[PDB]
Ligand SMILES: *[C@H]1O[C@H](CO)[C@H](O)[C@H](O)[C@H]1O
Ligand SMILES: *[C@H]1O[C@H](CO)[C@H](O)[C@H](O)[C@H]1O
Ligand SMILES: *[C@H]1O[C@H](CO)[C@H](O)[C@H](O)[C@H]1O
Ligand SMILES: *[C@H]1O[C@H](CO)[C@H](O)[C@H](O)[C@H]1O
Ligand SMILES: *[C@H]1O[C@H](CO)[C@H](O)[C@H](O)[C@H]1O
Ligand SMILES: *[C@H]1O[C@H](CO)[C@H](O)[C@H](O)[C@H]1O
Ligand SMILES: *[C@H]1O[C@H](CO)[C@H](O)[C@H](O)[C@H]1O
Ligand SMILES: *[C@H]1O[C@H](CO)[C@H](O)[C@H](O)[C@H]1O
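Residue numbers (the numbering used here): 46 to 142.
Quick look at the structure:
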C-alpha cells in the first residue's frame with residue numbers, strides 16, 4: 046500500500062509507514078512536516094506544501110477487514126481396539142472303558 050498523507054517510508058520493504066517527525070528549527074521550536082502526496086518519502090514542512098490539506102481529493106481507504114478465525118482443535122482419536130475374546134472350553138478327557 047502507498048504510505049498515506051503525512052506518512053513516509055524510505056527503506057524499501059518496510060512493514061509499517063512512519064509519520065513525518067516535527068522539524069526542529071533550533072532553539073526549541075518545531076514546525077511539523079506534512080507529505081505532499083501519497084507514497085512519498087519526503088517530509089516537506091506543512092507551511093510550504095504546494096497542495097494544501099484542503100486540496101486533497103482522495104477518498105480515505107476503507108478500514109482493515111476482520112482477522113480470520115482460529116484453527117479447530119485436534120479431532121478425537123478412534124476408539125481403542127478390544128481385547129481377544131475368551132478361548133472356548135477345552136475337551137473333556139475320554140470316558141472310561
Ligand atoms: C482520509 O485519507 C484521505 C487521503 O486518501 C484524506 O486525507 C481524507 O481527508 C482523510 O479523511
Ligand atoms: C472487509 O471490509 C473491507 C471494507 O472495510 C472490504 O470490503 C474488504 O473486501 C472486506 O473483506
Ligand atoms: C488481524 O488481521 C487484520 C487484517 O485482516 C488486522 O490486521 C488485525 O489488526 C489483525 O489482528
Ligand atoms: C474432527 O473434529 C474437529 C473439530 O472438533 C474438526 O472438525 C476436524 O476437522 C475433525 O476431523
Ligand atoms: C487405544 O487405541 C486408540 C487408537 O485406536 C488410541 O490410541 C487410544 O489412546 C488408546 O487407548
Ligand atoms: C469376544 O469378546 C471381545 C470383547 O469382550 C470382543 O467383543 C470380540 O469381538 C468377541 O469375539
Ligand atoms: C484346552 O484346549 C482349548 C482349545 O483346544 C484351549 O486352548 C484351552 O485354553 C485349553 O485349556
Ligand atoms: C464319560 O466321561 C467323559 C468325561 O469324563 C465324558 O463326559 C463322556 O461324555 C462320558 O461318556
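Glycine residues also receive a C-beta, built at the ideal position from the N, C-alpha and C atoms.
Got a sec, what are the start and stop residues for the beta strand (DSSP E) residue 76 sits in? Counted from its first residue, the chain shown places residue 76 at position 31. Following the DSSP letters along the chain, one finds residue 76 inside the beta strand (DSSP E) bounded by residues 74 to 76.
C-alpha distance - residue 103 paired with residue 109, whole-angstrom precision: Here the question's residue 103 lines up with position 58 in the chain shown. Here the question's residue 109 lines up with position 64 in the chain shown. Each residue's Cα considered, the two are about 18 Å apart.
For the beta strand (DSSP E) containing residue 68, list its first residue and its last residue. Position 23 of the chain shown holds residue 68. It spans 68 to 71 - the beta strand (DSSP E) in which residue 68 sits, taken as one unbroken run.
Any contact between the segment 110 to 127 and the segment 73 to 89? By contact I mean 3 or more CB pairs, one from each, below 8 Å. With fewer than three CB-CB distances shorter than 8 Å, the segment 110 to 127 does not count as touching the segment 73 to 89.
Beta-bridge pairing of residue 63 - partner residues as DSSP gives them: The count along the chain shown starts at 1 and reaches residue 63 at position 18. Paired residue(s): 53.
Looking at residue 88: is its Cβ nearer than 9 Å to the Cβ of residue 57? Reading the chain shown from its first residue, position 43 is the one you call residue 88. Reading the chain shown from its first residue, position 12 is the one you call residue 57. Taking 9 Å as the Cβ cut-off, residue 88 and residue 57 do not qualify as a contacting pair.
Have a look at the DSSP bridge pairing and note the partners of residue 111. The sequence position of residue 111 within the chain shown is 66, counting from 1. Residue 111 is not bridged to any residue.
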